[PDB]
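Enquirer: Structure in structure tokens, see below.
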4 protein chains.
Amino acid sequence: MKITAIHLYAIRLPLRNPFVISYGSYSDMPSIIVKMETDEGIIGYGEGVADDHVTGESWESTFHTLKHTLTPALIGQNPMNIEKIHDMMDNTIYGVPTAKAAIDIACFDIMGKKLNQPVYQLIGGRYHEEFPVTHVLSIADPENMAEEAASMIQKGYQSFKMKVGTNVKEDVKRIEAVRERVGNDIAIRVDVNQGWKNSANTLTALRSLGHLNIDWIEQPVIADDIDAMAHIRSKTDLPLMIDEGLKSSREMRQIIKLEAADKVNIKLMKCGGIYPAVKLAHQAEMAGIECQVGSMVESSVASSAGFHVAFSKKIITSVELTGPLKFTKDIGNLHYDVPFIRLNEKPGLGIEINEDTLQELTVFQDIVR
Amino acid sequence: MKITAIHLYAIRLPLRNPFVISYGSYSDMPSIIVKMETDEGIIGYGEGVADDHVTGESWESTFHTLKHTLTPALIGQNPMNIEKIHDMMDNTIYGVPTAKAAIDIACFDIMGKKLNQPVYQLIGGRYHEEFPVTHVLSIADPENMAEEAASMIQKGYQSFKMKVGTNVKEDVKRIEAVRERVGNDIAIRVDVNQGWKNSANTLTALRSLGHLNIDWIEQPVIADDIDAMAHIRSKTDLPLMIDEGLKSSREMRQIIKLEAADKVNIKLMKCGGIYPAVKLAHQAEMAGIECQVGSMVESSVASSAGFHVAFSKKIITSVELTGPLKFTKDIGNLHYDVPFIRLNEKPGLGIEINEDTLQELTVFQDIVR
Amino acid sequence: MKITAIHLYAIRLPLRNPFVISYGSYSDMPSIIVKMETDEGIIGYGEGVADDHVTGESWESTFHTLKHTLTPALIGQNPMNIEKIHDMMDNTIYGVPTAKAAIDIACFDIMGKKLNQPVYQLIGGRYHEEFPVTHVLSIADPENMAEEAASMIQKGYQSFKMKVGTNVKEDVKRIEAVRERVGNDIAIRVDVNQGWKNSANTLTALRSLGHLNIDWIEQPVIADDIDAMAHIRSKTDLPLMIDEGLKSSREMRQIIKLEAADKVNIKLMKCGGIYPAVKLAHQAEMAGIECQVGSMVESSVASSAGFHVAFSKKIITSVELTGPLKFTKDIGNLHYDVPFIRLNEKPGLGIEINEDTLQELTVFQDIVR
Amino acid sequence: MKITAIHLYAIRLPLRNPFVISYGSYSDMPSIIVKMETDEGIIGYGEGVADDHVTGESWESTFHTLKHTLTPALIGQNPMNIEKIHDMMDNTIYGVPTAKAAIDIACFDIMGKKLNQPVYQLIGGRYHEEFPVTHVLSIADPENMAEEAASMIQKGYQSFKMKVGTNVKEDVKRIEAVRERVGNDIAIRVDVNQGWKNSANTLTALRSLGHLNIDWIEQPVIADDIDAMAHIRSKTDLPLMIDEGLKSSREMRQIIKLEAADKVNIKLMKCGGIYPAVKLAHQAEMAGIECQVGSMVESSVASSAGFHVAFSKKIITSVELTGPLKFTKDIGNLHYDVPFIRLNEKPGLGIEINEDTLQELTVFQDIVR
Ligand SMILES: NCCCC[C@H](NC(=O)CCC(=O)O)C(=O)O
Ligand SMILES: NCCCC[C@H](NC(=O)CCC(=O)O)C(=O)O
Ligand SMILES: NCCCC[C@H](NC(=O)CCC(=O)O)C(=O)O
Ligand SMILES: NCCCC[C@H](NC(=O)CCC(=O)O)C(=O)O
Ligand SMILES: [Mg+2]
Ligand SMILES: [Mg+2]
Ligand SMILES: [Mg+2]
Ligand SMILES: [Mg+2]
């Protein structure tokens, strides 16, 4: 099998409501779509949703990295040899996990369609039957966050992820409000997106959250400070998750060496795709670190890819890919059974791409041969 | 797909010459063969070559562990869901990597035959085109070891693994003899199989091997002493490999934490098969530890499985599976191109099993339904 | 003062001869030039030479990161407030040091021209009067490297940097050849550009270089492995320098914590410009780590900026910016007095930009207002 | 530019009320003023307020160190080359940060006046717009401290620094009294000035301060014991600041290595001036340690210099320079907008020196040419 052409689509996914977190507000979600063609007629779809604040990659930079740097060398290569494909991309350019992920996902889609098997059957098989879906609440005034939670509870949601990180006192008030409104039978996890910056602010914040039954605190400090995460962990009994601070095996090695976390948020966009994500899961398993497969808020394409990894591993105990539930328009048709997510048994990513929607959301594109 | 039956064959592979190492001498190699049948008619072959001195598993103990403990629960399960199969086996019984490997290998053979792809294409794809083959020299008097090396050099061999470990002074004489006979353009690695026992004896031995150009020293101390390996590594510049001291991710975690090795000998019989072997490779990669896929001296079945793992990973830089070259009779037909090993592109393990040879070597058997 | 417009020029600097190192060969050097205009008429020039293999930034990706992400927010900002400018860029996007450097350099050029002072007078003043210039020898056969060295010695060079990293045995032969040809009164430093990959290969290589009087060994292992650098340092007495393994203060923190290096190669393209480079120098000084200001092979623009940092700090004891000596065409006119480099006392970067040459080398451009 | 003469003035700044802390009581504040003249007519003012208990420098010792040791070598040197000036002073004499600071500040005043820019524009530019001003309460009976706080609250103060450190039980009573009187919307930080001496006394004290909402505890133990600070930090969740224990980069290195503090009080008088202070800020930033620029209670001269550093760095989040608010007479005219401090945009330190006041407060003086 040989790659004959790679279509690149710079699209923008419309959000029902702006997604607001500690480091930024998103009115919509720019994404790069990959359509990989082969000499055998088998097509594969990939996606790269870049988050400037996490990996230093942007919508436009990713489009061009793919067009001028990554894809040229890929023409003629076999999508089935994923280890080789990744070695070639890594030898060509360091980092750029989001760009590499777009390629990796398309290769797996092709592999599954070629072998007529779901992607999860190719990376360990099916392990999970379903996962609960967690609703992510954007930053807002305490009462506003509490009201949205109540509203989503009527929709069937039983697990929430609270976005905080602007001011410790205010963040504590936000969390108290939500917990008070939903009761103690609703799951709540808190994501600071680096907002508390250091261990002192974090430990002070944690002093007021012990009685609120928080499942875990995610990335309270600046990404680069793994040392601070380990220090906080030595002084609190609340589970800690690292997100922005974990991208590749480089950071996983440090997290393990320093005992810096109880959980890690593995994301295809941070490590380079399905293949690197599986390696990270295997590394975390060695150290008994629980894993979650999150996302940058992606379309059905990358979201499906993430689930295929999650459903194939026992060490992955939670998932956070809800882009399709946030967008008013999607190029794929990944189906959710809120409050649960299950995967069908169709080939590859197991979804269908609406060509009309794809072109409708495309701002600019190119084809590399 | 469902497993309908599992045939267990207790066989004995005949050796041209006894294989002699530090901890024992083998006149032949007892092995357990697995023939897995499915409701779809697809058959898979697995193999478990137990080494009592390494994993505490024996020929007979493995046969019975498979018959009474592992296989019963496997009937009805899907061989394609390898993560699930391993979780079930692990939940049933701790350890017994050789017994689990026999099952794991058969599952992959079935997966490849079902998808009409070589096993390596299912665990990362093809990365390597070939590997040099290293001839293992059994322990013997210095001149006798040097003569066999000269003899094998005429056969095309250009890489040798010297078995030593009975007495430091004598082991040094053995190594000096071989190097002196073959010249400095021949690769030589030394395997002590725990023979020097501790760091003091090892460091004393290493003082006399600096000018002999040894590629690496393998397992100089007792298996359980990872601390000693790290101590030796802090005081020598000769590459160190751990074998018996590494079985599962439990020891890999320690090796990484303590910086105890430059290389590790990963073996399907020590970790439970292809799936666990891949996880170990991923873990080693994180820490920059070079990997080799060795063996316990196995038939074409397990030897092929080992190569499928090796050929799919960049981190695996050497291989040591030469059972087929040591036996006067083999149940499989794995082909070697001494001094090289290449893999064909046939489905599954890519080999053919000679039913007549299998029954000829069988001492006792059973079928579990 | 306010930034009114930023011109972006995607150019390609022609090389007299291809520059060849362990990870790649360069026929020419693609660069992004920044021309910053202000409401006061003061113009500033910046430059971003991206090295895909070091920071995950490319020629095209950098052009677009600047055009769509970094520059828009900069319009209206005061170039004089460098701390603020960097905070804004960092809040906008993580990483992308090369893109940020192009902006930072232009700001300093404007600051110096506005205050009518050389850049070095604005970041500590002049400390050094001159620095010796080291000729970088691209990878080639031992005799070919030795001959080029002899040739450059006639040109006045008395210090050489040998590029190696393809094979330990061959690299040792290259180094032996050069030292043997130039004698022992010529300075030689060796740069492996990650070629030896790990500590085992590195320590083996170092065993044969003790009698060759090598000033220091630069980046022998893969960039991400700071642990390996510390391990090598614990077992050798040859000075060690980290290059690709050091980009931002994140890695400097690890290098200091782990005692991983004797020297570090600080580069504007790896940390984001003059301002971040000064911070890194201050951090290294605290731990007694010697610093060198290297480069990615840049035009007079970025090369001058690098020297301005070097000449202002006692902790910076060597420099490696020779792009202007390697290109057959340059947009700036930085003057070298081989075997020495001195800086004039003109405002800003102290050089003149040839508009005709700039346009001649431009492949594509844009202006952001 | 060349230094032509340096005037040294030994003055005494009158205090409205005696300043009382754990290690001493001050009826007034002896200070050394520096008036630096240049061949260009540009004059610069510097100041050295020695605290015998912190750096081992005294009013008289500093006057003489400047007159006989530091200034002679400075005559003829260029004030613009600060890195060089500091290297010369350091090569001449180790330590004496207060004496060196007096020189460093005058050089920066000249640099800013020469380039017609505020000092902050020369060391990173303006980052902050304003800082809240914290009123320092001298040690006194609990009720007396509580009353002064109430009184200053009417003056507009909303942040207080409580001086304690004579007896744990009594110090706790002092803190309880003040918090009870001002309510919970007033910021309070506690400075023990080494009064609790060790970790046992400190941890016992902290047991009773958890419910009083203290922003941070400053220097509870003896200066030289960084180990004790790290031990306390491992057993408390109250933010810890080091003051007397931090002088030069020597102690910063230890603080970072041992994770001994959440915050550090950087002072020009402890490190040698503006230039060394900036280096310390850069070092702290690497480790995520928050910085504050404090003072020894200085005139507008040194106080202004301190603010210029603070206003130029994001890592500096608080300031403590209130000498001008404590003295009944000042030689400079630094303006405060209680409860805030803002900096004008005038050249150099941006203040005016009253020659009449200077001579009025001078006890003895000299001129070095
Ligand atoms: N690129 C937009 C910001 C994504 C933030 C990121 N993702 C989410 O919070 C939502 C993930 C999901 O439910 O898909 C995170 O975990 O921080
Ligand atoms: N079970 C018999 C002893 C096997 C010893 C084991 N294997 C070998 O030495 C030979 C491996 C091979 O070439 O297949 C080892 O590496 O120590
Ligand atoms: N981007 C092209 C590769 C640059 C390699 C880089 N620079 C040099 O070797 C030459 C630096 C100089 O002399 O300017 C390094 O130190 O490794
Ligand atoms: N030299 C007299 C003692 C100064 C004590 C020193 N400074 C202060 O407490 C007041 C600082 C200020 O507000 O200027 C400290 O922080 O301990
Ligand atoms: Mg997150
Ligand atoms: Mg062995
Ligand atoms: Mg280099
Ligand atoms: Mg203090």
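If you're wondering about the labels, chains in the structure tokens are A, B, ... by order shown, residues count from 1 in each chain, ligands from 1 in order shown.
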Which residues are close to region 227-235 of chain A, i.e. within 10 Å by only C-alpha atoms, leaving aside same-chain residues fewer than 4 positions away? Reply as a PDB file with N, CA and C atoms, in the first residue's frame.
Expert:
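Dumped everything to around39.pdb:
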```pdb
ATOM      1  N   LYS A 197      -1.145  28.975  39.327  1.00  0.00           N
ATOM      2  CA  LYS A 197       0.281  29.167  39.070  1.00  0.00           C
ATOM      3  C   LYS A 197       1.334  28.421  39.879  1.00  0.00           C
ATOM      4  N   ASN A 198       1.223  28.455  41.201  1.00  0.00           N
ATOM      5  CA  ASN A 198       2.228  27.806  42.033  1.00  0.00           C
ATOM      6  C   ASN A 198       1.662  26.954  43.162  1.00  0.00           C
ATOM      7  N   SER A 199       2.545  26.332  43.938  1.00  0.00           N
ATOM      8  CA  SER A 199       2.088  25.469  45.023  1.00  0.00           C
ATOM      9  C   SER A 199       1.471  26.216  46.202  1.00  0.00           C
ATOM     10  N   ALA A 200       1.985  27.403  46.516  1.00  0.00           N
ATOM     11  CA  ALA A 200       1.443  28.175  47.631  1.00  0.00           C
ATOM     12  C   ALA A 200      -0.028  28.519  47.395  1.00  0.00           C
ATOM     13  N   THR A 202      -2.055  27.125  45.271  1.00  0.00           N
ATOM     14  CA  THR A 202      -2.785  25.867  45.151  1.00  0.00           C
ATOM     15  C   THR A 202      -3.110  25.263  46.512  1.00  0.00           C
ATOM     16  N   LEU A 203      -2.109  25.163  47.382  1.00  0.00           N
ATOM     17  CA  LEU A 203      -2.337  24.581  48.701  1.00  0.00           C
ATOM     18  C   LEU A 203      -3.317  25.412  49.509  1.00  0.00           C
ATOM     19  N   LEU A 206      -6.717  24.495  48.143  1.00  0.00           N
ATOM     20  CA  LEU A 206      -7.128  23.163  48.563  1.00  0.00           C
ATOM     21  C   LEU A 206      -7.617  23.085  50.001  1.00  0.00           C
ATOM     22  N   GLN A 219      -4.235  20.192  36.791  1.00  0.00           N
ATOM     23  CA  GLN A 219      -3.248  21.226  36.446  1.00  0.00           C
ATOM     24  C   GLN A 219      -3.383  22.569  37.157  1.00  0.00           C
ATOM     25  N   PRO A 220      -3.190  22.575  38.479  1.00  0.00           N
ATOM     26  CA  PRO A 220      -3.308  23.836  39.209  1.00  0.00           C
ATOM     27  C   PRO A 220      -2.182  24.833  38.925  1.00  0.00           C
ATOM     28  N   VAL A 221      -0.992  24.327  38.603  1.00  0.00           N
ATOM     29  CA  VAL A 221       0.160  25.195  38.360  1.00  0.00           C
ATOM     30  C   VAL A 221       0.592  25.312  36.904  1.00  0.00           C
ATOM     31  N   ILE A 222       1.532  26.220  36.643  1.00  0.00           N
ATOM     32  CA  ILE A 222       2.042  26.411  35.291  1.00  0.00           C
ATOM     33  C   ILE A 222       2.569  25.082  34.756  1.00  0.00           C
ATOM     34  N   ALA A 223       2.309  24.827  33.479  1.00  0.00           N
ATOM     35  CA  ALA A 223       2.685  23.586  32.821  1.00  0.00           C
ATOM     36  C   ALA A 223       4.096  23.080  33.066  1.00  0.00           C
ATOM     37  N   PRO A 239      -6.706  13.895  44.975  1.00  0.00           N
ATOM     38  CA  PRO A 239      -6.034  13.396  43.769  1.00  0.00           C
ATOM     39  C   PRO A 239      -5.640  14.529  42.826  1.00  0.00           C
ATOM     40  N   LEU A 240      -4.460  14.405  42.224  1.00  0.00           N
ATOM     41  CA  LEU A 240      -3.946  15.424  41.317  1.00  0.00           C
ATOM     42  C   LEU A 240      -3.736  14.888  39.899  1.00  0.00           C
ATOM     43  N   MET A 241      -4.180  15.662  38.915  1.00  0.00           N
ATOM     44  CA  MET A 241      -4.023  15.295  37.511  1.00  0.00           C
ATOM     45  C   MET A 241      -3.181  16.342  36.801  1.00  0.00           C
ATOM     46  N   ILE A 242      -2.301  15.885  35.919  1.00  0.00           N
ATOM     47  CA  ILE A 242      -1.475  16.794  35.138  1.00  0.00           C
ATOM     48  C   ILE A 242      -1.990  16.764  33.708  1.00  0.00           C
ATOM     49  N   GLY A 245       1.046  20.064  31.588  1.00  0.00           N
ATOM     50  CA  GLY A 245       2.396  19.695  31.985  1.00  0.00           C
ATOM     51  C   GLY A 245       2.879  18.383  31.391  1.00  0.00           C
ATOM     52  N   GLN A 254       9.526  12.376  33.764  1.00  0.00           N
ATOM     53  CA  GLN A 254       9.703  13.233  34.938  1.00  0.00           C
ATOM     54  C   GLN A 254       8.595  13.020  35.962  1.00  0.00           C
ATOM     55  N   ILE A 255       7.362  12.906  35.478  1.00  0.00           N
ATOM     56  CA  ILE A 255       6.216  12.713  36.365  1.00  0.00           C
ATOM     57  C   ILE A 255       6.386  11.442  37.179  1.00  0.00           C
ATOM     58  N   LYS A 257       9.380   9.847  37.721  1.00  0.00           N
ATOM     59  CA  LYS A 257      10.566   9.972  38.569  1.00  0.00           C
ATOM     60  C   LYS A 257      10.297  10.801  39.822  1.00  0.00           C
ATOM     61  N   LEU A 258       9.504  11.855  39.670  1.00  0.00           N
ATOM     62  CA  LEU A 258       9.219  12.742  40.785  1.00  0.00           C
ATOM     63  C   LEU A 258       7.933  12.463  41.560  1.00  0.00           C
ATOM     64  N   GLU A 259       7.183  11.439  41.160  1.00  0.00           N
ATOM     65  CA  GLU A 259       5.921  11.105  41.829  1.00  0.00           C
ATOM     66  C   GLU A 259       5.057  12.356  41.874  1.00  0.00           C
ATOM     67  N   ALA A 260       4.936  13.012  40.726  1.00  0.00           N
ATOM     68  CA  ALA A 260       4.201  14.269  40.623  1.00  0.00           C
ATOM     69  C   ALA A 260       2.702  14.202  40.395  1.00  0.00           C
ATOM     70  N   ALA A 261       2.166  13.024  40.101  1.00  0.00           N
ATOM     71  CA  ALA A 261       0.731  12.958  39.837  1.00  0.00           C
ATOM     72  C   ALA A 261       0.067  11.629  40.119  1.00  0.00           C
ATOM     73  N   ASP A 262      -1.242  11.693  40.348  1.00  0.00           N
ATOM     74  CA  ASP A 262      -2.040  10.499  40.578  1.00  0.00           C
ATOM     75  C   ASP A 262      -2.655  10.100  39.247  1.00  0.00           C
TER      76      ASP A 262
ATOM     77  N   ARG D 233       8.629  24.230  55.643  1.00  0.00           N
ATOM     78  CA  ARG D 233       7.804  24.217  54.439  1.00  0.00           C
ATOM     79  C   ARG D 233       7.224  22.835  54.150  1.00  0.00           C
ATOM     80  N   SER D 234       7.938  21.784  54.540  1.00  0.00           N
ATOM     81  CA  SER D 234       7.446  20.428  54.293  1.00  0.00           C
ATOM     82  C   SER D 234       6.317  20.061  55.252  1.00  0.00           C
ATOM     83  N   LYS D 235       6.133  20.865  56.297  1.00  0.00           N
ATOM     84  CA  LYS D 235       5.118  20.572  57.301  1.00  0.00           C
ATOM     85  C   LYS D 235       4.050  21.637  57.556  1.00  0.00           C
ATOM     86  N   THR D 236       3.918  22.604  56.650  1.00  0.00           N
ATOM     87  CA  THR D 236       2.896  23.640  56.799  1.00  0.00           C
ATOM     88  C   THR D 236       2.358  24.045  55.435  1.00  0.00           C
ATOM     89  N   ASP D 237       1.152  24.602  55.412  1.00  0.00           N
ATOM     90  CA  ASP D 237       0.559  25.046  54.155  1.00  0.00           C
ATOM     91  C   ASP D 237       0.442  26.568  54.108  1.00  0.00           C
ATOM     92  N   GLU D 259      14.157  23.680  47.972  1.00  0.00           N
ATOM     93  CA  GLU D 259      12.723  23.988  47.984  1.00  0.00           C
ATOM     94  C   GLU D 259      12.376  24.593  49.336  1.00  0.00           C
ATOM     95  N   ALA D 287      12.625  28.978  39.037  1.00  0.00           N
ATOM     96  CA  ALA D 287      12.080  28.019  39.993  1.00  0.00           C
ATOM     97  C   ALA D 287      10.657  28.320  40.444  1.00  0.00           C
ATOM     98  N   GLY D 288      10.027  29.325  39.839  1.00  0.00           N
ATOM     99  CA  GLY D 288       8.662  29.664  40.208  1.00  0.00           C
ATOM    100  C   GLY D 288       8.506  30.266  41.591  1.00  0.00           C
TER     101      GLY D 288
END
```
Enquirer: Select residues of chain C: the criterion is any atom within 8 Å of an atom of chain A, counting only C-alpha atoms; output as a ChimeraX atom specification.
Expert: /C:23,52-58,60-62,64-65,68-69,91-96,224-225,250
Enquirer: For the residues in that selection, give me C-alpha atoms as a PDB file, in the first residue's frame.
Expert:
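Once written, out-v7.pdb looks like this:
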```
ATOM      1  CA  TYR C  23      20.705  15.142  11.833  1.00  0.00           C
ATOM      2  CA  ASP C  52      12.893  21.982  12.588  1.00  0.00           C
ATOM      3  CA  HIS C  53      15.037  19.427  14.405  1.00  0.00           C
ATOM      4  CA  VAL C  54      15.601  21.557  17.493  1.00  0.00           C
ATOM      5  CA  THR C  55      12.488  23.574  18.347  1.00  0.00           C
ATOM      6  CA  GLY C  56       9.804  22.106  16.099  1.00  0.00           C
ATOM      7  CA  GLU C  57       9.539  25.324  14.124  1.00  0.00           C
ATOM      8  CA  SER C  58       9.967  25.585  10.367  1.00  0.00           C
ATOM      9  CA  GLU C  60       6.934  28.453   6.734  1.00  0.00           C
ATOM     10  CA  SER C  61       5.427  27.747  10.158  1.00  0.00           C
ATOM     11  CA  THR C  62       7.381  30.653  11.644  1.00  0.00           C
ATOM     12  CA  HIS C  64       2.646  32.246   9.613  1.00  0.00           C
ATOM     13  CA  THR C  65       2.975  32.175  13.397  1.00  0.00           C
ATOM     14  CA  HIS C  68      -1.435  35.424  12.110  1.00  0.00           C
ATOM     15  CA  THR C  69      -0.631  34.934  15.782  1.00  0.00           C
ATOM     16  CA  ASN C  91       0.206  34.592  26.928  1.00  0.00           C
ATOM     17  CA  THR C  92      -0.737  34.304  23.247  1.00  0.00           C
ATOM     18  CA  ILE C  93       1.223  31.176  22.441  1.00  0.00           C
ATOM     19  CA  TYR C  94       3.489  28.746  24.291  1.00  0.00           C
ATOM     20  CA  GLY C  95       6.943  28.028  22.900  1.00  0.00           C
ATOM     21  CA  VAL C  96       7.775  29.129  19.329  1.00  0.00           C
ATOM     22  CA  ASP C 224      15.309  15.126  25.719  1.00  0.00           C
ATOM     23  CA  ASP C 225      17.661  12.959  27.786  1.00  0.00           C
ATOM     24  CA  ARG C 250      12.582  24.781  31.907  1.00  0.00           C
TER      25      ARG C 250
END
```
Enquirer: Using DSSP on the backbone coordinates, identify all residues within region 36-247 of chain A classified as helix (DSSP H, G or I); present the result as a VMD selection string.
Expert: chain A and resid 52 to 55 59 to 74 82 to 92 97 to 115 119 to 122 142 to 154 168 to 182 199 to 207 226 to 234
Enquirer: With only C-alpha atoms as the counted atoms, please give the residues lying no more than 6 Å from residue 120 (chain D), apart from itself and same-chain residues fewer than 6 positions off, as a PDB file with N, CA, C and O atoms, in the first residue's frame.
Expert:
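What landed in result-v5.pdb:
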```
ATOM      1  N   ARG D 126       8.630  49.096  31.470  1.00  0.00           N
ATOM      2  CA  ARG D 126       7.563  49.134  32.458  1.00  0.00           C
ATOM      3  C   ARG D 126       6.662  47.914  32.305  1.00  0.00           C
ATOM      4  O   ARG D 126       6.206  47.605  31.205  1.00  0.00           O
ATOM      5  N   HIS D 308      12.063  50.860  40.716  1.00  0.00           N
ATOM      6  CA  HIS D 308      12.393  50.719  39.305  1.00  0.00           C
ATOM      7  C   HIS D 308      12.607  49.255  38.950  1.00  0.00           C
ATOM      8  O   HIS D 308      12.258  48.820  37.861  1.00  0.00           O
ATOM      9  N   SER D 312       9.533  46.715  36.726  1.00  0.00           N
ATOM     10  CA  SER D 312       9.977  46.150  35.457  1.00  0.00           C
ATOM     11  C   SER D 312       9.869  44.633  35.361  1.00  0.00           C
ATOM     12  O   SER D 312      10.136  44.068  34.303  1.00  0.00           O
TER      13      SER D 312
END
```
Enquirer: When DSSP is applied to the backbone of this structure, which of region 106-227 of chain B are assigned strand (DSSP E or B)? Write them out as number ranges by chain.
Expert: B: 118, 131-132, 135-137, 159-163, 187-191, 197, 217-218, 221
Enquirer: Restricting the output to N, CA and C atoms, write the selected residues as a compact mmCIF listing (two decimals), in the first residue's frame.
Expert:
```txt
# COMPACT_ATOMS: atom_id res chain seq x y z
N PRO B 118 0.95 -10.13 8.57
CA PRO B 118 1.98 -10.69 9.45
C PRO B 118 1.74 -10.07 10.84
N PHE B 131 18.10 -8.31 10.75
CA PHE B 131 18.90 -8.26 11.97
C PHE B 131 20.04 -9.25 11.82
N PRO B 132 21.21 -8.91 12.38
CA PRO B 132 22.32 -9.86 12.27
C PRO B 132 22.04 -10.98 13.28
N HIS B 135 25.72 -16.00 17.16
CA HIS B 135 25.88 -17.39 17.57
C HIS B 135 26.21 -17.47 19.05
N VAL B 136 25.46 -18.29 19.78
CA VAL B 136 25.70 -18.44 21.21
C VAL B 136 26.64 -19.61 21.47
N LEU B 137 27.76 -19.33 22.12
CA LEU B 137 28.76 -20.34 22.44
C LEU B 137 28.57 -20.84 23.88
N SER B 159 29.06 -12.44 14.65
CA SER B 159 28.70 -11.96 15.97
C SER B 159 28.55 -13.16 16.90
N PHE B 160 29.17 -13.09 18.07
CA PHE B 160 29.12 -14.19 19.03
C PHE B 160 28.72 -13.77 20.43
N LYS B 161 28.04 -14.67 21.13
CA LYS B 161 27.65 -14.44 22.52
C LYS B 161 28.33 -15.54 23.31
N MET B 162 29.29 -15.15 24.15
CA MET B 162 30.04 -16.10 24.98
C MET B 162 29.39 -16.37 26.32
N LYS B 163 29.10 -17.64 26.59
CA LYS B 163 28.53 -18.04 27.87
C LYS B 163 29.68 -18.26 28.84
N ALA B 187 32.30 -9.34 16.39
CA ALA B 187 31.56 -8.83 17.54
C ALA B 187 31.45 -9.90 18.62
N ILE B 188 31.67 -9.50 19.87
CA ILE B 188 31.58 -10.42 20.99
C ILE B 188 30.85 -9.78 22.16
N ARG B 189 29.85 -10.48 22.69
CA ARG B 189 29.12 -10.01 23.86
C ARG B 189 29.28 -11.16 24.85
N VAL B 190 29.28 -10.85 26.15
CA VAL B 190 29.47 -11.85 27.19
C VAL B 190 28.26 -11.98 28.11
N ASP B 191 27.81 -13.22 28.33
CA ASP B 191 26.65 -13.49 29.19
C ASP B 191 27.10 -14.36 30.36
N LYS B 197 27.82 -13.41 40.56
CA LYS B 197 27.01 -13.15 41.75
C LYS B 197 26.87 -11.75 42.32
N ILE B 217 28.20 -6.61 28.72
CA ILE B 217 28.25 -7.67 29.72
C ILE B 217 26.81 -7.90 30.17
N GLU B 218 26.34 -9.14 30.04
CA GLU B 218 24.97 -9.48 30.38
C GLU B 218 24.81 -10.23 31.70
N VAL B 221 25.40 -10.42 37.86
CA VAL B 221 24.99 -10.74 39.23
C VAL B 221 23.67 -11.50 39.35
```
Enquirer: Dump the neighbourhood of ligand 4 as a PyMOL selection string: all residues within 6 Å, distances computed on only C-alpha atoms and all ligand atoms.
Expert: chain D and resi 51+136+193+294-297+320-323
Enquirer: Limited to C-alpha atoms, could you put the picked residues into a file as a tab-separated table (two decimals), in the first residue's frame?
Expert:
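Below is the file that was written, again-v8.tsv:
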```tsv
chain	number	residue	atom	x	y	z
D	51	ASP	CA	21.85	46.92	58.44
D	136	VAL	CA	4.76	48.04	58.55
D	193	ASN	CA	12.88	38.67	61.72
D	294	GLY	CA	11.81	45.08	50.14
D	295	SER	CA	14.17	47.54	51.79
D	296	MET	CA	16.05	48.42	54.97
D	297	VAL	CA	13.93	51.58	55.37
D	320	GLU	CA	8.09	47.02	50.63
D	321	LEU	CA	9.91	50.35	50.42
D	322	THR	CA	8.27	52.86	52.75
D	323	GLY	CA	11.20	54.78	54.23
```
Enquirer: What is the CA of residue 117 (chain C) to CA of residue 347 (chain C) distance in Å?
Expert: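 So the answer is 4.5 Å.
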Enquirer: How far is it from CA of residue 338 (chain A) to CA of residue 319 (chain A), in Å with one decimal?
Expert: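 These atoms are spaced 13.1 Å apart.
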Enquirer: May I ask for the distance between CA of residue 155 (chain B) and CA of residue 180 (chain B), given in Å to one decimal place?
Expert: 18.8 Å
Enquirer: May I have the residues within 9 Å of residue 125 (chain D) as an NGL selection string, using only C-alpha atoms and disregarding those fewer than 5 positions away in the same chain?
Expert: (:C and (80-84)) or (:D and (118-120 or 311-313))
Enquirer: Find the spatial neighbours of residue 367 (chain D), counting only C-alpha atoms, within a cut-off of 9 Å - ignore same-chain residues fewer than 6 positions away - and output them as a list in words.
Expert: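 What passes the distance filter is residues 5, 6, 7, 8, 9 and 67 of chain D.
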